[PDB]
Each structure stands twice: as C-alpha cells, then as structure tokens.
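S.K.: Dropping in coords_14.pdb, with PDB, N, CA and C atoms.
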```pdb
ATOM      1  N   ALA V 555      86.040  37.894 126.794
ATOM      2  CA  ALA V 555      87.177  38.689 127.238
ATOM      3  C   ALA V 555      86.763  40.149 127.315
ATOM      4  N   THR V 556      87.071  40.798 128.434
ATOM      5  CA  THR V 556      86.644  42.168 128.666
ATOM      6  C   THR V 556      87.740  42.925 129.399
ATOM      7  N   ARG V 557      87.840  44.218 129.094
ATOM      8  CA  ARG V 557      88.738  45.132 129.796
ATOM      9  C   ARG V 557      90.186  44.655 129.731
ATOM     10  N   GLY V 558      90.556  44.071 128.601
ATOM     11  CA  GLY V 558      91.890  43.541 128.442
ATOM     12  C   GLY V 558      91.965  42.071 128.800
ATOM     13  N   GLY V 559      93.185  41.565 128.807
ATOM     14  CA  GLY V 559      93.387  40.176 129.182
ATOM     15  C   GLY V 559      93.222  39.226 128.015
ATOM     16  N   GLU V 560      94.183  38.319 127.889
ATOM     17  CA  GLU V 560      94.247  37.375 126.786
ATOM     18  C   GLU V 560      93.467  36.114 127.122
ATOM     19  N   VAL V 561      93.072  35.387 126.082
ATOM     20  CA  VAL V 561      92.590  34.014 126.210
ATOM     21  C   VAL V 561      93.305  33.217 125.124
ATOM     22  N   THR V 562      94.420  32.581 125.482
ATOM     23  CA  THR V 562      95.240  31.862 124.508
ATOM     24  C   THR V 562      94.697  30.448 124.285
ATOM     25  N   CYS V 563      93.417  30.388 123.925
ATOM     26  CA  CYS V 563      92.729  29.118 123.697
ATOM     27  C   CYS V 563      92.939  28.711 122.247
ATOM     28  N   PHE V 564      94.028  27.986 121.988
ATOM     29  CA  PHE V 564      94.409  27.709 120.607
ATOM     30  C   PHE V 564      93.604  26.561 120.004
ATOM     31  N   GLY V 565      93.754  25.358 120.543
ATOM     32  CA  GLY V 565      93.167  24.190 119.915
ATOM     33  C   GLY V 565      91.868  23.733 120.543
ATOM     34  N   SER V 566      91.065  24.683 121.009
ATOM     35  CA  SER V 566      89.857  24.349 121.746
ATOM     36  C   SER V 566      88.832  23.670 120.848
ATOM     37  N   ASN V 567      88.197  22.628 121.377
ATOM     38  CA  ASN V 567      87.105  21.941 120.688
ATOM     39  C   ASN V 567      85.755  22.476 121.163
ATOM     40  N   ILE V 568      85.571  23.786 120.999
ATOM     41  CA  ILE V 568      84.359  24.435 121.479
ATOM     42  C   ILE V 568      83.157  23.977 120.663
ATOM     43  N   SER V 569      81.992  23.938 121.312
ATOM     44  CA  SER V 569      80.757  23.509 120.657
ATOM     45  C   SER V 569      79.600  24.281 121.282
ATOM     46  N   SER V 570      79.166  25.345 120.610
ATOM     47  CA  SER V 570      78.032  26.127 121.077
ATOM     48  C   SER V 570      77.417  26.862 119.896
ATOM     49  N   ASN V 571      76.135  27.207 120.035
ATOM     50  CA  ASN V 571      75.412  27.867 118.953
ATOM     51  C   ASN V 571      75.761  29.346 118.849
ATOM     52  N   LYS V 572      75.968  30.014 119.981
ATOM     53  CA  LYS V 572      76.229  31.444 119.971
ATOM     54  C   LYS V 572      77.613  31.736 119.394
ATOM     55  N   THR V 573      77.959  33.022 119.365
ATOM     56  CA  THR V 573      79.273  33.433 118.891
ATOM     57  C   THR V 573      80.350  32.847 119.793
ATOM     58  N   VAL V 574      81.290  32.118 119.193
ATOM     59  CA  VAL V 574      82.239  31.340 119.983
ATOM     60  C   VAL V 574      83.203  32.258 120.725
ATOM     61  N   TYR V 575      83.988  33.036 119.989
ATOM     62  CA  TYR V 575      84.997  33.909 120.572
ATOM     63  C   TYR V 575      84.442  35.319 120.684
ATOM     64  N   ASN V 576      84.458  35.873 121.893
ATOM     65  CA  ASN V 576      83.924  37.205 122.135
ATOM     66  C   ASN V 576      84.996  38.110 122.716
ATOM     67  N   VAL V 577      84.988  39.364 122.281
ATOM     68  CA  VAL V 577      85.972  40.358 122.685
ATOM     69  C   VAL V 577      85.259  41.676 122.939
ATOM     70  N   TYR V 578      85.588  42.321 124.056
ATOM     71  CA  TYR V 578      84.993  43.606 124.390
ATOM     72  C   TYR V 578      86.003  44.455 125.146
ATOM     73  N   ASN V 579      85.993  45.758 124.864
ATOM     74  CA  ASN V 579      86.780  46.752 125.596
ATOM     75  C   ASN V 579      88.279  46.447 125.546
ATOM     76  N   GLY V 580      88.786  46.276 124.330
ATOM     77  CA  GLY V 580      90.219  46.162 124.133
ATOM     78  C   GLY V 580      90.871  44.950 124.763
ATOM     79  N   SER V 581      90.337  43.763 124.494
ATOM     80  CA  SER V 581      90.861  42.517 125.038
ATOM     81  C   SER V 581      91.198  41.570 123.896
ATOM     82  N   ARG V 582      92.307  40.852 124.026
ATOM     83  CA  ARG V 582      92.793  40.002 122.951
ATOM     84  C   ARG V 582      92.336  38.559 123.129
ATOM     85  N   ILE V 583      92.317  37.825 122.019
ATOM     86  CA  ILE V 583      92.090  36.384 122.009
ATOM     87  C   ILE V 583      92.946  35.786 120.902
ATOM     88  N   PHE V 584      93.558  34.639 121.177
ATOM     89  CA  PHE V 584      94.373  33.939 120.196
ATOM     90  C   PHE V 584      93.888  32.504 120.084
ATOM     91  N   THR V 585      93.800  32.004 118.856
ATOM     92  CA  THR V 585      93.229  30.686 118.615
ATOM     93  C   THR V 585      93.650  30.198 117.239
ATOM     94  N   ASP V 586      93.174  29.006 116.894
ATOM     95  CA  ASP V 586      93.469  28.394 115.611
ATOM     96  C   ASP V 586      92.341  28.624 114.608
ATOM     97  N   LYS V 587      92.669  28.437 113.332
ATOM     98  CA  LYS V 587      91.710  28.562 112.245
ATOM     99  C   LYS V 587      91.255  27.213 111.709
ATOM    100  N   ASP V 588      91.663  26.115 112.348
ATOM    101  CA  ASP V 588      91.301  24.791 111.852
ATOM    102  C   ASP V 588      89.794  24.581 111.887
ATOM    103  N   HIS V 589      89.140  25.013 112.960
ATOM    104  CA  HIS V 589      87.690  24.954 113.077
ATOM    105  C   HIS V 589      87.140  26.364 112.917
ATOM    106  N   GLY V 590      86.267  26.554 111.935
ATOM    107  CA  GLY V 590      85.663  27.856 111.737
ATOM    108  C   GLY V 590      84.669  28.186 112.828
ATOM    109  N   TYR V 591      85.024  29.124 113.700
ATOM    110  CA  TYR V 591      84.184  29.493 114.828
ATOM    111  C   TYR V 591      83.769  30.949 114.704
ATOM    112  N   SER V 592      82.510  31.223 115.037
ATOM    113  CA  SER V 592      81.998  32.583 114.980
ATOM    114  C   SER V 592      82.815  33.497 115.882
ATOM    115  N   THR V 593      83.060  34.714 115.411
ATOM    116  CA  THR V 593      83.862  35.680 116.140
ATOM    117  C   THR V 593      83.108  36.997 116.240
ATOM    118  N   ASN V 594      83.216  37.642 117.401
ATOM    119  CA  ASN V 594      82.532  38.913 117.610
ATOM    120  C   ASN V 594      83.090  39.996 116.695
ATOM    121  N   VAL V 595      84.395  39.965 116.443
ATOM    122  CA  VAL V 595      85.082  40.985 115.666
ATOM    123  C   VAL V 595      85.690  40.308 114.443
ATOM    124  N   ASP V 596      85.912  41.102 113.385
ATOM    125  CA  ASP V 596      86.631  40.655 112.197
ATOM    126  C   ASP V 596      87.888  39.901 112.612
ATOM    127  N   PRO V 597      88.281  38.862 111.867
ATOM    128  CA  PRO V 597      89.230  37.873 112.399
ATOM    129  C   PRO V 597      90.538  38.434 112.932
ATOM    130  N   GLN V 598      91.308  39.137 112.106
ATOM    131  CA  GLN V 598      92.687  39.473 112.453
ATOM    132  C   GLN V 598      92.978  40.946 112.187
ATOM    133  N   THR V 599      92.113  41.828 112.678
ATOM    134  CA  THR V 599      92.339  43.264 112.578
ATOM    135  C   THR V 599      92.023  43.925 113.911
ATOM    136  N   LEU V 600      92.738  45.003 114.218
ATOM    137  CA  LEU V 600      92.468  45.759 115.429
ATOM    138  C   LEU V 600      91.147  46.510 115.299
ATOM    139  N   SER V 601      90.660  47.010 116.426
ATOM    140  CA  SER V 601      89.402  47.749 116.466
ATOM    141  C   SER V 601      89.335  48.485 117.796
ATOM    142  N   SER V 602      88.202  49.146 118.035
ATOM    143  CA  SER V 602      87.940  49.687 119.365
ATOM    144  C   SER V 602      87.895  48.563 120.388
ATOM    145  N   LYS V 603      87.216  47.474 120.051
ATOM    146  CA  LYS V 603      87.367  46.235 120.794
ATOM    147  C   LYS V 603      88.731  45.629 120.492
ATOM    148  N   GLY V 604      89.160  44.711 121.345
ATOM    149  CA  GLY V 604      90.488  44.143 121.219
ATOM    150  C   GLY V 604      90.683  43.380 119.923
ATOM    151  N   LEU V 605      91.921  42.950 119.725
ATOM    152  CA  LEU V 605      92.318  42.258 118.509
ATOM    153  C   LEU V 605      92.213  40.752 118.695
ATOM    154  N   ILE V 606      91.822  40.065 117.631
ATOM    155  CA  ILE V 606      91.803  38.609 117.591
ATOM    156  C   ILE V 606      92.800  38.169 116.530
ATOM    157  N   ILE V 607      93.414  37.008 116.738
ATOM    158  CA  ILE V 607      94.261  36.373 115.729
ATOM    159  C   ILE V 607      93.721  34.960 115.538
ATOM    160  N   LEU V 608      92.834  34.793 114.558
ATOM    161  CA  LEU V 608      92.248  33.487 114.293
ATOM    162  C   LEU V 608      93.243  32.529 113.658
ATOM    163  N   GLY V 609      94.406  33.017 113.245
ATOM    164  CA  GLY V 609      95.403  32.178 112.606
ATOM    165  C   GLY V 609      95.944  31.087 113.506
TER     166      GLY V 609
ATOM    167  N   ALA C 555     108.180  30.444 118.310
ATOM    168  CA  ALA C 555     106.976  30.593 119.115
ATOM    169  C   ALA C 555     105.778  30.155 118.292
ATOM    170  N   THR C 556     104.890  29.372 118.901
ATOM    171  CA  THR C 556     103.842  28.699 118.151
ATOM    172  C   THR C 556     102.592  28.602 119.016
ATOM    173  N   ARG C 557     101.433  28.638 118.355
ATOM    174  CA  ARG C 557     100.134  28.466 119.009
ATOM    175  C   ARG C 557      99.935  29.477 120.133
ATOM    176  N   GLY C 558     100.374  30.707 119.897
ATOM    177  CA  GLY C 558     100.307  31.737 120.911
ATOM    178  C   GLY C 558     101.583  31.825 121.715
ATOM    179  N   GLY C 559     101.573  32.739 122.666
ATOM    180  CA  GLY C 559     102.724  32.901 123.528
ATOM    181  C   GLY C 559     103.662  33.983 123.033
ATOM    182  N   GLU C 560     104.297  34.667 123.977
ATOM    183  CA  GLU C 560     105.148  35.807 123.683
ATOM    184  C   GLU C 560     106.604  35.460 123.947
ATOM    185  N   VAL C 561     107.494  36.101 123.196
ATOM    186  CA  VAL C 561     108.922  36.048 123.480
ATOM    187  C   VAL C 561     109.458  37.470 123.448
ATOM    188  N   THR C 562     109.522  38.118 124.606
ATOM    189  CA  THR C 562     109.926  39.522 124.676
ATOM    190  C   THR C 562     111.449  39.646 124.745
ATOM    191  N   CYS C 563     112.109  39.042 123.760
ATOM    192  CA  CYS C 563     113.568  39.069 123.674
ATOM    193  C   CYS C 563     113.993  40.392 123.056
ATOM    194  N   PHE C 564     114.047  41.440 123.879
ATOM    195  CA  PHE C 564     114.294  42.776 123.337
ATOM    196  C   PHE C 564     115.765  42.994 122.996
ATOM    197  N   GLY C 565     116.635  42.975 123.998
ATOM    198  CA  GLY C 565     118.024  43.321 123.763
ATOM    199  C   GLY C 565     118.880  42.127 123.406
ATOM    200  N   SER C 566     118.274  41.129 122.774
ATOM    201  CA  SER C 566     118.949  39.862 122.543
ATOM    202  C   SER C 566     120.088  40.015 121.544
ATOM    203  N   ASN C 567     121.232  39.415 121.864
ATOM    204  CA  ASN C 567     122.354  39.314 120.938
ATOM    205  C   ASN C 567     122.420  37.879 120.432
ATOM    206  N   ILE C 568     122.065  37.679 119.169
ATOM    207  CA  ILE C 568     121.942  36.353 118.581
ATOM    208  C   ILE C 568     122.885  36.259 117.392
ATOM    209  N   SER C 569     123.390  35.053 117.129
ATOM    210  CA  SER C 569     124.290  34.816 116.002
ATOM    211  C   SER C 569     123.980  33.437 115.428
ATOM    212  N   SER C 570     123.224  33.407 114.334
ATOM    213  CA  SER C 570     122.918  32.158 113.652
ATOM    214  C   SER C 570     122.515  32.465 112.219
ATOM    215  N   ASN C 571     122.708  31.472 111.347
ATOM    216  CA  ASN C 571     122.377  31.634 109.937
ATOM    217  C   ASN C 571     120.880  31.552 109.681
ATOM    218  N   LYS C 572     120.153  30.779 110.483
ATOM    219  CA  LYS C 572     118.711  30.683 110.325
ATOM    220  C   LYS C 572     118.047  32.007 110.689
ATOM    221  N   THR C 573     116.762  32.116 110.356
ATOM    222  CA  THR C 573     116.004  33.309 110.706
ATOM    223  C   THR C 573     116.001  33.500 112.217
ATOM    224  N   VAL C 574     116.347  34.710 112.656
ATOM    225  CA  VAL C 574     116.542  34.958 114.081
ATOM    226  C   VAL C 574     115.221  34.853 114.833
ATOM    227  N   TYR C 575     114.187  35.521 114.337
ATOM    228  CA  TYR C 575     112.878  35.531 114.976
ATOM    229  C   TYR C 575     111.897  34.744 114.121
ATOM    230  N   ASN C 576     111.141  33.851 114.755
ATOM    231  CA  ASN C 576     110.150  33.049 114.059
ATOM    232  C   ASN C 576     108.836  33.075 114.821
ATOM    233  N   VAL C 577     107.738  33.048 114.074
ATOM    234  CA  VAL C 577     106.397  33.071 114.641
ATOM    235  C   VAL C 577     105.504  32.164 113.811
ATOM    236  N   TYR C 578     104.703  31.343 114.487
ATOM    237  CA  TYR C 578     103.737  30.496 113.807
ATOM    238  C   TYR C 578     102.464  30.421 114.634
ATOM    239  N   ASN C 579     101.341  30.245 113.939
ATOM    240  CA  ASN C 579     100.058  29.926 114.564
ATOM    241  C   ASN C 579      99.642  30.966 115.602
ATOM    242  N   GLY C 580      99.961  32.229 115.336
ATOM    243  CA  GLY C 580      99.443  33.320 116.134
ATOM    244  C   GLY C 580     100.327  33.808 117.259
ATOM    245  N   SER C 581     101.591  33.404 117.303
ATOM    246  CA  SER C 581     102.464  33.832 118.384
ATOM    247  C   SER C 581     102.920  35.274 118.181
ATOM    248  N   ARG C 582     103.518  35.840 119.227
ATOM    249  CA  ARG C 582     103.976  37.220 119.204
ATOM    250  C   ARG C 582     105.409  37.301 119.705
ATOM    251  N   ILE C 583     106.170  38.232 119.136
ATOM    252  CA  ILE C 583     107.537  38.506 119.568
ATOM    253  C   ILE C 583     107.748  40.012 119.570
ATOM    254  N   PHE C 584     108.405  40.515 120.610
ATOM    255  CA  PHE C 584     108.768  41.921 120.711
ATOM    256  C   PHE C 584     110.269  42.011 120.933
ATOM    257  N   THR C 585     110.940  42.856 120.155
ATOM    258  CA  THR C 585     112.394  42.904 120.183
ATOM    259  C   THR C 585     112.867  44.301 119.809
ATOM    260  N   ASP C 586     114.185  44.444 119.698
ATOM    261  CA  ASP C 586     114.795  45.731 119.410
ATOM    262  C   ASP C 586     114.940  45.957 117.908
ATOM    263  N   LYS C 587     115.291  47.192 117.555
ATOM    264  CA  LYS C 587     115.535  47.574 116.171
ATOM    265  C   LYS C 587     116.995  47.892 115.891
ATOM    266  N   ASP C 588     117.771  48.240 116.920
ATOM    267  CA  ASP C 588     119.170  48.602 116.716
ATOM    268  C   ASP C 588     119.946  47.451 116.092
ATOM    269  N   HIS C 589     119.724  46.236 116.580
ATOM    270  CA  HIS C 589     120.305  45.058 115.957
ATOM    271  C   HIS C 589     119.539  44.724 114.686
ATOM    272  N   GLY C 590     120.268  44.492 113.601
ATOM    273  CA  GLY C 590     119.637  44.083 112.364
ATOM    274  C   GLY C 590     119.560  42.577 112.256
ATOM    275  N   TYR C 591     118.407  42.007 112.590
ATOM    276  CA  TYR C 591     118.231  40.564 112.623
ATOM    277  C   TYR C 591     117.109  40.154 111.684
ATOM    278  N   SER C 592     117.234  38.953 111.126
ATOM    279  CA  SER C 592     116.224  38.432 110.221
ATOM    280  C   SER C 592     114.904  38.227 110.955
ATOM    281  N   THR C 593     113.837  38.070 110.178
ATOM    282  CA  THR C 593     112.508  37.858 110.727
ATOM    283  C   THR C 593     111.714  36.979 109.775
ATOM    284  N   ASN C 594     110.866  36.120 110.341
ATOM    285  CA  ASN C 594     110.064  35.223 109.516
ATOM    286  C   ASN C 594     108.951  35.975 108.798
ATOM    287  N   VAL C 595     108.403  37.006 109.433
ATOM    288  CA  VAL C 595     107.244  37.725 108.924
ATOM    289  C   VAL C 595     107.563  39.215 108.945
ATOM    290  N   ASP C 596     106.945  39.955 108.022
ATOM    291  CA  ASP C 596     107.118  41.398 107.988
ATOM    292  C   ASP C 596     106.783  41.985 109.356
ATOM    293  N   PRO C 597     107.620  42.892 109.863
ATOM    294  CA  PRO C 597     107.641  43.168 111.307
ATOM    295  C   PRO C 597     106.295  43.500 111.931
ATOM    296  N   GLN C 598     105.644  44.571 111.497
ATOM    297  CA  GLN C 598     104.452  45.057 112.186
ATOM    298  C   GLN C 598     103.251  44.888 111.265
ATOM    299  N   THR C 599     102.698  43.677 111.263
ATOM    300  CA  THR C 599     101.543  43.318 110.454
ATOM    301  C   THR C 599     100.809  42.178 111.142
ATOM    302  N   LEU C 600      99.502  42.112 110.921
ATOM    303  CA  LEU C 600      98.676  41.035 111.450
ATOM    304  C   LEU C 600      98.392  40.021 110.350
ATOM    305  N   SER C 601      98.726  38.762 110.612
ATOM    306  CA  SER C 601      98.487  37.682 109.669
ATOM    307  C   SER C 601      98.143  36.430 110.463
ATOM    308  N   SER C 602      98.005  35.306 109.753
ATOM    309  CA  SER C 602      97.771  34.036 110.431
ATOM    310  C   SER C 602      98.852  33.775 111.468
ATOM    311  N   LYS C 603     100.083  34.166 111.160
ATOM    312  CA  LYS C 603     101.129  34.259 112.163
ATOM    313  C   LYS C 603     101.096  35.651 112.778
ATOM    314  N   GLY C 604     101.275  35.717 114.088
ATOM    315  CA  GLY C 604     101.066  36.958 114.801
ATOM    316  C   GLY C 604     102.170  37.972 114.573
ATOM    317  N   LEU C 605     101.966  39.146 115.163
ATOM    318  CA  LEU C 605     102.865  40.270 114.950
ATOM    319  C   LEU C 605     104.235  40.005 115.562
ATOM    320  N   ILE C 606     105.265  40.562 114.926
ATOM    321  CA  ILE C 606     106.639  40.497 115.424
ATOM    322  C   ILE C 606     107.150  41.934 115.455
ATOM    323  N   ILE C 607     106.941  42.623 116.573
ATOM    324  CA  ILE C 607     107.314  44.030 116.642
ATOM    325  C   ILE C 607     108.825  44.140 116.788
ATOM    326  N   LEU C 608     109.469  44.738 115.792
ATOM    327  CA  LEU C 608     110.905  44.965 115.814
ATOM    328  C   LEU C 608     111.282  46.290 116.454
ATOM    329  N   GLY C 609     110.316  47.042 116.967
ATOM    330  CA  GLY C 609     110.596  48.338 117.554
ATOM    331  C   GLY C 609     111.489  48.283 118.776
TER     332      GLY C 609
END
```
Will you turn the file into structure tokens for me?
M.R.:
Amino acid sequence: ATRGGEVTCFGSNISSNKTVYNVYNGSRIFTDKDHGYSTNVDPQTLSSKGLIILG
Amino acid sequence: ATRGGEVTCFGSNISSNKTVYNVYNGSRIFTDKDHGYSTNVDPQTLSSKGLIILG
C-alpha cells in the first residue's frame, strides 16, 4: 500500500517469506491477528507511514 | 461493524438501550459529539478493535 488507500484484507491466508503486510507513504491496512504475519510497521500505531490495525 | 469497514453515521439520531456504536475486529466509525451516545470502545484510541471517532 502506497500514497494512501486501504487494503481491507481481513481473513487472508497469505503465504510468503517476505514481510506480509507492507505500508508506505501514509497508507492504511486492516487485517486479522489470527495468523501472525510480518508487518512493515508496528502493529497498531500511527507513524509517518500509514497506520495498520492487526486486530 | 466487524472485520473492517466504516460507518460514517455522523448526525445519527439513535434511541436504544444497547451500546449505540460498536466496533469489532478492526472496524471504524465516525460520528458526532453533540449527541451523547454510548460507545463500545474509548473514542479515539487504537486497539484490536478500531478507532471510533466521536468528534
């Protein structure tokens, strides 16, 4: 996610080695915490990069 | 609201005994402050359940 814009991928069964959820330039992502997936930013705090809600 | 998704019920006039605004699994709600209505989560905070801006 870049330059804004949400990715409301809640129950995704993602499977990859790299960082799963990525956020850049103030863009949000929303997802579940059932599967522990690597995140570019701290789970549920704002930043210069967009906010994620791993909950 | 659950698993993401917004409910921008700003000027809503609601009348019920249950909690007026509810959020689960990362959802968001934006509403007014003039009306004094119950809320499931503390208004402006990030948690496993998403923000509920009462502004």
S.K.: Assuming the chain letters and numbering stay as they are in my file, what does the PyMOL selection byres ((chain C) within 5 of (chain V)) actually select? List them as an NGL selection string.
M.R.: :C and (579-580 or 602)
S.K.: Between atom CA of residue 557 of chain C and atom CA of residue 558 of chain V, measure the distance and give it in Å to one decimal.
M.R.: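 Interatomic distance here is 19.6 Å.
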S.K.: Write out as a list in words all residues of chain V that backbone DSSP assigns to strand (DSSP E or B).
M.R.: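 So the strand (DSSP E or B) residues in chain V would be residues 556, 575, 578, 583, 584, 593, 606 and 607 of chain V.
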S.K.: What does the distance between atom N of residue 603 of chain C and atom N of residue 582 of chain C come to in Å, to one decimal place?
M.R.: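 Taking atom N of residue 603 of chain C as the start and atom N of residue 582 of chain C as the end point, the length is 8.9 Å.
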S.K.: How many Å lie between atom N of residue 604 of chain V and atom CA of residue 572 of chain V, rounded to one decimal?
M.R.: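 Computed distance, atom N of residue 604 of chain V to atom CA of residue 572 of chain V, equals 18.6 Å.
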S.K.: Spell out the residues picked by the PyMOL selection byres (((chain C and resi 574 and name CA) around 12) and name CA) here, as a list in words.
M.R.: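 The output of the PyMOL selection byres (((chain C and resi 574 and name CA) around 12) and name CA) on this file is residues 555, 563, 566, 567, 568, 569, 570, 571, 572, 573, 575, 576, 577, 583, 585, 589, 590, 591, 592, 593, 594, 595, 606 and 608 of chain C.
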S.K.: Show me, as lines of an AutoDock Vina configuration file, the centre and edge lengths in Å to one decimal of the axis-aligned box that covers every listed atom of segment 584-592 of chain V with 5 Å on each side.
M.R.:
```
center_x = 88.2
center_y = 29.6
center_z = 116.4
size_x = 22.4
size_y = 20.1
size_z = 19.5
```
S.K.: Kindly complete segment 564-580 of chain V to N, CA, C and O atoms; the output should be written as a CSV table (one decimal), in the frame of the given file.
M.R.:
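Written output follows (part_24.csv):
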```csv
chain,number,residue,atom,x,y,z
V,564,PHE,N,94.0,28.0,122.0
V,564,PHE,CA,94.4,27.7,120.6
V,564,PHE,C,93.6,26.6,120.0
V,564,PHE,O,92.8,26.8,119.0
V,565,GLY,N,93.8,25.4,120.5
V,565,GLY,CA,93.2,24.2,119.9
V,565,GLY,C,91.9,23.7,120.5
V,565,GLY,O,91.6,22.5,120.6
V,566,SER,N,91.1,24.7,121.0
V,566,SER,CA,89.9,24.3,121.7
V,566,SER,C,88.8,23.7,120.8
V,566,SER,O,88.6,24.1,119.7
V,567,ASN,N,88.2,22.6,121.4
V,567,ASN,CA,87.1,21.9,120.7
V,567,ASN,C,85.8,22.5,121.2
V,567,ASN,O,84.9,21.7,121.7
V,568,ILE,N,85.6,23.8,121.0
V,568,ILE,CA,84.4,24.4,121.5
V,568,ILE,C,83.2,24.0,120.7
V,568,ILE,O,83.3,23.7,119.5
V,569,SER,N,82.0,23.9,121.3
V,569,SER,CA,80.8,23.5,120.7
V,569,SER,C,79.6,24.3,121.3
V,569,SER,O,79.1,23.9,122.4
V,570,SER,N,79.2,25.3,120.6
V,570,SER,CA,78.0,26.1,121.1
V,570,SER,C,77.4,26.9,119.9
V,570,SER,O,78.1,27.1,118.9
V,571,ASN,N,76.1,27.2,120.0
V,571,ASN,CA,75.4,27.9,119.0
V,571,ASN,C,75.8,29.3,118.8
V,571,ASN,O,75.8,29.9,117.7
V,572,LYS,N,76.0,30.0,120.0
V,572,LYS,CA,76.2,31.4,120.0
V,572,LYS,C,77.6,31.7,119.4
V,572,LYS,O,78.4,30.8,119.0
V,573,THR,N,78.0,33.0,119.4
V,573,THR,CA,79.3,33.4,118.9
V,573,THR,C,80.4,32.8,119.8
V,573,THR,O,80.3,33.1,121.0
V,574,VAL,N,81.3,32.1,119.2
V,574,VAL,CA,82.2,31.3,120.0
V,574,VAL,C,83.2,32.3,120.7
V,574,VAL,O,83.2,32.3,122.0
V,575,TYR,N,84.0,33.0,120.0
V,575,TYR,CA,85.0,33.9,120.6
V,575,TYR,C,84.4,35.3,120.7
V,575,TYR,O,84.0,35.9,119.7
V,576,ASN,N,84.5,35.9,121.9
V,576,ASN,CA,83.9,37.2,122.1
V,576,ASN,C,85.0,38.1,122.7
V,576,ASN,O,85.8,37.7,123.5
V,577,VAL,N,85.0,39.4,122.3
V,577,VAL,CA,86.0,40.4,122.7
V,577,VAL,C,85.3,41.7,122.9
V,577,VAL,O,84.4,42.1,122.1
V,578,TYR,N,85.6,42.3,124.1
V,578,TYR,CA,85.0,43.6,124.4
V,578,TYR,C,86.0,44.5,125.1
V,578,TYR,O,86.8,43.9,126.0
V,579,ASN,N,86.0,45.8,124.9
V,579,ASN,CA,86.8,46.8,125.6
V,579,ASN,C,88.3,46.4,125.5
V,579,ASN,O,89.0,46.4,126.6
V,580,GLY,N,88.8,46.3,124.3
V,580,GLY,CA,90.2,46.2,124.1
V,580,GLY,C,90.9,45.0,124.8
V,580,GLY,O,91.9,45.1,125.5
```
